[PDB]
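Undergrad: Protein chains in written order, with the entry's author numbering: chain c, 24 to 234, 244 to 310; chain U, 767 to 814, 836 to 844, 880 to 917.
All C-beta atoms, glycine included, are put in the ideal place defined by N, C-alpha and C.
One structure, pasted below without further comment.
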Ligand SMILES: [Zn+2]
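So, in structure tokens, the structure goes:
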């Protein structure tokens, strides 16, 4: 009877199974169900996003196997946690992550039973790191135009969710849809160990490995001459006697730094034998 | 400060405001008639010279720049006691 700005404290395994489900999720779009717990009104959590069989027929509401639901929750009951579904996921791995024409039915088909049933759109087949590729929305309906479409209660969460506001047919779909807010949990219980294995492993394992050293320097110094002659083809172009050149057109760099850190590596490699030996 | 997070934070600025006015309270109910001067130009009277009239409790709204150019009166029944430099509610003495 009241509307507040929600929040999704994600288990990272949710997005991990979404990225596996999208990476291995061959760009034919696919459907599944989301499993969390409705904590309160202004927040929700997703603790789990489970897997589906290879339903390569079409995304529809019929694709949910209820015996798979029963056995899935049962195998969670013989495991430690018998949690509750919060909704449904799906995958849009080819195009620009916007609500398909079956989703516009199955969202309210699922939230006729559940409370919120927030959609989750994914596309890890965008590119590799710097996009934030996750997309979630909350179906507002024509029943709720009675009062205004403005929860607003905690603001600047929907204000920074409003800060992109950018997908073509979705900002067309301000109608029927207001998004939900997705932050990523204080995950130090896993971010701790991801950091620790990450840097205890992504440098030489046991880290006694490199401590290749010199014929790579031979090839690198021949690089560092073969490009240095075209490096020095620039101060002749700085002799414009008076002035005949629009702005510096600067090619000083990229051969300071390579020489700098590469021969830092070579001099500390010359250290390395006098280091390992005593 | 951060009133998006909680809309009552925008309400919470109650205790943050003190008056810039001038009050001739010699006796707690008494309303006397004093006329001192504010030596600013009379365009600091802009409320959205020779002298001023800032007395007669309501008190008169004052400017802090007006609070540093003031001068006590000489002809009233009530020529004050302390040299005045603080606003709000202040001193008065009969002479
Ligand atoms: Zn999908």
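Run through chain c and tell me which residues come within less than 9 Å of residue 771 (chain U), C-beta to C-beta.
TA: Near residue 771 (chain U) (Cβ distances below 9 Å), the residues of chain c are 177, 178, 179 and 180.
Undergrad: Between the segment 188-197 of chain c and the segment 115-122 of chain c, can you find at least three pairs of beta-carbon atoms closer than 8 Å?
TA: Yes, the segment 115-122 of chain c is in contact with the segment 188-197 of chain c.
Undergrad: By a C-beta neighbour count over all protein chains shown, 10 Å radius and 16 as the cutoff for buried, is residue 157 (chain c) buried or exposed?
TA: By the 10 Å Cβ count, residue 157 (chain c) comes out buried.
Undergrad: Do residue 29 (chain c) and residue 203 (chain c) count as a contact pair if the criterion is CB distance below 8 Å?
TA: Yes, they are a contact pair.
Undergrad: Might you give, ordered along the chain, the residues of its own chain that have their beta carbon closer than 6 Å to the beta carbon of residue 839 (chain U), omitting 5 neighbours on each side?
TA: Within the same chain, residue 839 (chain U) has close Cβ partners 803 and 804.
Undergrad: In the DSSP assignment, the beta strand (DSSP E) including residue 790 (chain U) goes from what residue to what residue?
TA: It spans 787-790 - the beta strand (DSSP E) in which residue 790 (chain U) sits, taken as one unbroken run.
Undergrad: Rounded to whole angstroms, what is the Cα-Cα separation between residue 105 (chain c) and residue 96 (chain c)?
TA: Rounded to the nearest angstrom, the two C-alpha atoms are 7 Å apart.
Undergrad: Going along the chain, which residues of its own chain have a beta-carbon closer than 6 Å to the beta-carbon of residue 82 (chain c), five neighbours each way excluded?
TA: Counting only Cβ-Cβ distances below 6 Å, and skipping sequence neighbours, we find 52, 54 and 125.
Undergrad: Tell me whether residue 226 (chain c) sits in a helix, a strand or coil according to DSSP, three-state version.
TA: Residue 226 (chain c): coil per DSSP, three-state reduction.
Undergrad: Output the boundary residues of the alpha helix (DSSP H) element that contains residue 91 (chain c).
TA: Run containing residue 91 (chain c): 89-100, per the alpha helix (DSSP H) assignment.
Undergrad: For residue 33 (chain c), which three-state DSSP category applies?
TA: Reduced to three states, the DSSP call for residue 33 (chain c) is strand.
Undergrad: Locate the beta strand (DSSP E) running through residue 110 (chain c), then write down its first and last residues.
TA: Taken as a continuous stretch (DSSP letters only), the beta strand (DSSP E) holding residue 110 (chain c) covers 107-110.
Undergrad: Would you call the segment 140-149 of chain c and the segment 41-48 of chain c in contact, with 3 or more CB pairs under 8 Å?
TA: The segment 140-149 of chain c, when compared against the segment 41-48 of chain c, does touch it at the 8 Å Cβ threshold.
Undergrad: Between the C-alpha atoms of residue 141 (chain c) and residue 56 (chain c), what's the straight-line distance to the nearest angstrom?
TA: Roughly 10 Å separates the two Cα atoms.
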